[PDB]
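Taking the form deposited in one PDB entry, here's one chain by itself in structure tokens.
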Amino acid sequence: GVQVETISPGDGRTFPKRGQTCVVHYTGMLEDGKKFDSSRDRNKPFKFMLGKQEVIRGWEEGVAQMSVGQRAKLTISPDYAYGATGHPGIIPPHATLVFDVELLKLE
């Protein structure tokens, strides 16, 4: 149950592929409160791979669905985010996540 609301499309030819490593820079915000998951660029963005359940689903599917050079606003729901319940530290219970991601490159 994730949505992809693009703002600045990318070429529309290259995406993350099976056997690649995405190079993304995002900022995680919540419905209308604050940041819980940011990628404070300063110390290098975030980098992950497709098919090695290292990142939530909302991403995996979301980010995939995005193209090299595109930026979007994704909306993730419990089903994909972290399941149903989370932490009382970063992920309060049923607290939908919102990511504004920029897929930069593949490695």
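Quick note: we count residues from 1 along the sequence shown, nothing fancier.
The discussion below concerns the form deposited with a small molecule bound, not included here.
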Review point. Would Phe46, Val55 and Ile90 all count as contacting the small molecule in the bound PDB entry, using a 4.5 Å heavy atom cut-off?
Key: yes
Check your understanding: Would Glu61 count as touching the small molecule in the bound PDB entry under a 4.5 Å heavy atom rule?
Key -> no
Exercise for review: Give a yes or no for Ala81: in the bound PDB entry, does one of its heavy atoms lie within 4.5 Å of a heavy atom belonging to the small molecule?
Suggested key: yes
Practice item. Look up in the bound PDB entry whether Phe15 has a non-hydrogen atom within 4.5 angstroms of the small molecule, and give yes or no. Key: no
